[PDB]
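# Fold and contact review
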Amino acid sequence: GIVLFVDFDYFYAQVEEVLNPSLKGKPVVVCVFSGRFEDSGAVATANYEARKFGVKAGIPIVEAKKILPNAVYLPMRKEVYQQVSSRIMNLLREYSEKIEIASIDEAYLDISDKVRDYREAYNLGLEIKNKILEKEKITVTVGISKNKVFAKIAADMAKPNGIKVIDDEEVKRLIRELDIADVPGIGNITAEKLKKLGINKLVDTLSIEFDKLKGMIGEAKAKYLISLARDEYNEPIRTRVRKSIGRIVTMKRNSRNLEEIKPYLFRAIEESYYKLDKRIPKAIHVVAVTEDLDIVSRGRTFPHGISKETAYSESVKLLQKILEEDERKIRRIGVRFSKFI
DNA sequence: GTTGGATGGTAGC
DNA sequence: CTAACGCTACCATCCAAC
Ligand SMILES: Nc1nc2c(ncn2[C@H]2C[C@H](O)[C@@H](COP(=O)(O)OP(=O)(O)OP(=O)(O)O)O2)c(=O)[nH]1
Ligand SMILES: [Ca+2]
Ligand SMILES: [Ca+2]
Ligand SMILES: [Ca+2]
């Protein structure tokens, strides 16, 4: 079983250079404006020229404009990007029919049946790299290893424009040496209790017991981490099916005025039912984000699929239900559908 | 003495 | 208006219905 993995490089940004090569070699920042006020909102992504200064995805657009006044600030075009993804995802079907679209820029492959050893695998990722580059002008990063995790890890090591094989032997090696907070599945919070026990190596896990660990990080995590440490771990490729569909909007000013929030909410519902396209959901959750940016929500689940009209009326209740229990002014509000038939 | 649902915690794009 | 998008997936916890 050989698992190759691909993660496109500074994606949305790289796409924009493709369209506007006069940007090439000059820091670019891809923005999710929010119409609150001029330059309100956050950064989706930015290229490596920009990242050198500290402008990562996440940071507020006003921080970036502080840091990089003379850069190119661009409004995110998810739809344009989704196209370059889609196409690039169809190429990858030429190489393997066992393909698991992870994100918009990431897909795993099972090439195990297409090649025989990591050397032939290497050669594939190399052609795969050239395939995409010739047809879409996008550099990517290929990460190869025996299973999904380490593949995603082997790429995260090669980024950008890299290609990296992690073979059985190098795998023994990382379990011992790889810094725990670099494992896919580990955020800062979990990466913070891990030092609290002593587990800094992906293998350290094995020097602690079984329980207290889980009593600190949870059941799935213990049975995730320990398996990798004991290298028994193996996660299979499957085609992923979208389980939820949302839309959420920031309001021009914070409110508790139901007649003020309503039109914003009805926006989300409309654009949701389009983003649905034929999927009939049985569950709705109205999610609002509050002033202190704590995100809070209320949902309902129907024994049957919901019509557009149903969710119009049901969402209102839910918003009321939210107004009943949190007395804080709402800042962003949207809706979320799940449990499709 | 589970199964699911309602809310939220964490982690990654 | 005065900083913090928008999106998805998965697990942990808690309380009722069975
Ligand atoms: N709105 C928004 N978009 C994001 C966020 N994180 C990532 N994206 C978008 C922009 C990225 O190009 C794309 C994939 O995320 P990545 O982790 O791959 O960042 P990126 O690929 O641009 O860096 P790069 O490929 O790794 O060297 O999705 C985020 O927090 N918010
Ligand atoms: Ca990625
Ligand atoms: Ca990427
Ligand atoms: Ca981490």
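Residues numbered from 1 in each chain as written, not as in the entry; some residues may be left out. Chains lettered and ligands numbered in written order. Heavy atoms only, no water.

In the PDB archive, X-ray crystallography is given as the structure determination method for this entry, at a resolution of 2.900 Å.

Identification of chain A as DNA polymerase IV from Sulfolobus solfataricus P2 is taken from the PDB entry. What the PDB entry is called, per its title line, is "Dpo4 extension ternary complex with the oxoG(anti)-C(anti) pair". For chain A, the Function comment in UniProt is given as "Poorly processive, error-prone DNA polymerase involved in untargeted mutagenesis. Copies undamaged DNA at stalled replication forks, which arise in vivo from mismatched or misaligned primer ends. These misaligned primers can be extended by PolIV. Exhibits no 3'-5' exonuclease (proofreading) activity. It is involved in translesional synthesis." The annotation that UniProt attaches to chain A under Sequence similarities is "Belongs to the DNA polymerase type-Y family." (UniProt positions renumbered as here; feature names shortened; annotations may be inferred.)

Mapped onto this numbering, the UniProt entry gives "binding site: Mg(2+)" at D7 and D105. Judged by maximum C-alpha separation, these annotated positions cover 99 residues in sequence but sit close together in space, the widest gap being only 5.5 Å. Residues from the annotated list that form part of the lining of the second largest pocket: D7 and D105. For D7, the location among the structural elements is in strand β1 (residues 3–7). (1 Å grid on protein atoms, 1.4 Å probe; cavity = no way out; pocket = protein on both sides within 12 Å on 5 of 7 lines; lining within 4 Å. Helix = DSSP H or I, 4+ residues; strand = E, 2+ residues; numbered from the N terminus.)

Viewed as axis vectors pointing N to C, helix α1 (residues 11–19) and helix α4 (residues 78–95) meet at an angle of 90°, and their least axial separation amounts to 10 Å. Classified by the angle between their axes, α1 and α4 sit roughly perpendicular to one another. The residues of α4 that touch α1, namely those facing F11, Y12, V15 and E16, are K78, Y81, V84 and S85. Its residues placed into classes, the contact of α1 with α4 shows 5 nonpolar, 1 polar and 2 charged. (Axes fitted to C-alpha atoms, helices over the stretch in contact; angles between N-to-C directions. Parallel < 35°, antiparallel > 145°, perpendicular 65-115°, else oblique. Contact = heavy atoms within 4.5 Å. Nonpolar A, V, L, I, M, F, W, Y, C, P; charged D, E, K, R; others polar.)

Turning next to the site of ligand 1. Taken together, the neighbourhood of ligand 1 is formed by 13 residues, with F8, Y10, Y48, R51 and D105 sitting nearest. A distance of 2.4 Å separates an oxygen atom of ligand 1 from a polar atom in the side chain of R51. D105 has a polar side-chain atom sitting 2.4 Å from an oxygen atom of ligand 1. When each cavity is represented as a set of grid points, ligand 1 is found to reside in the second largest pocket. Where the shell around ligand 1 is concerned, the elements lending two or more residues are α1, β3 (41–46) and α2 (48–51). Looking at the shell around ligand 1 residue by residue, the classes come out as 7 nonpolar, 1 polar and 5 charged. When residues of the shell around ligand 1 are sorted by domain, at least three fall in each of domain 1 (2–10 + 78–166) and domain 2 (11–77). (Near = heavy atom within 4 Å. Polar contact = N/O pair within 3.5 Å; in protein donor to acceptor, adjacent residues only side chain to side chain. Sits in = over half its atoms within 2 Å of the grid points. Domains from an automatic or database assignment.)

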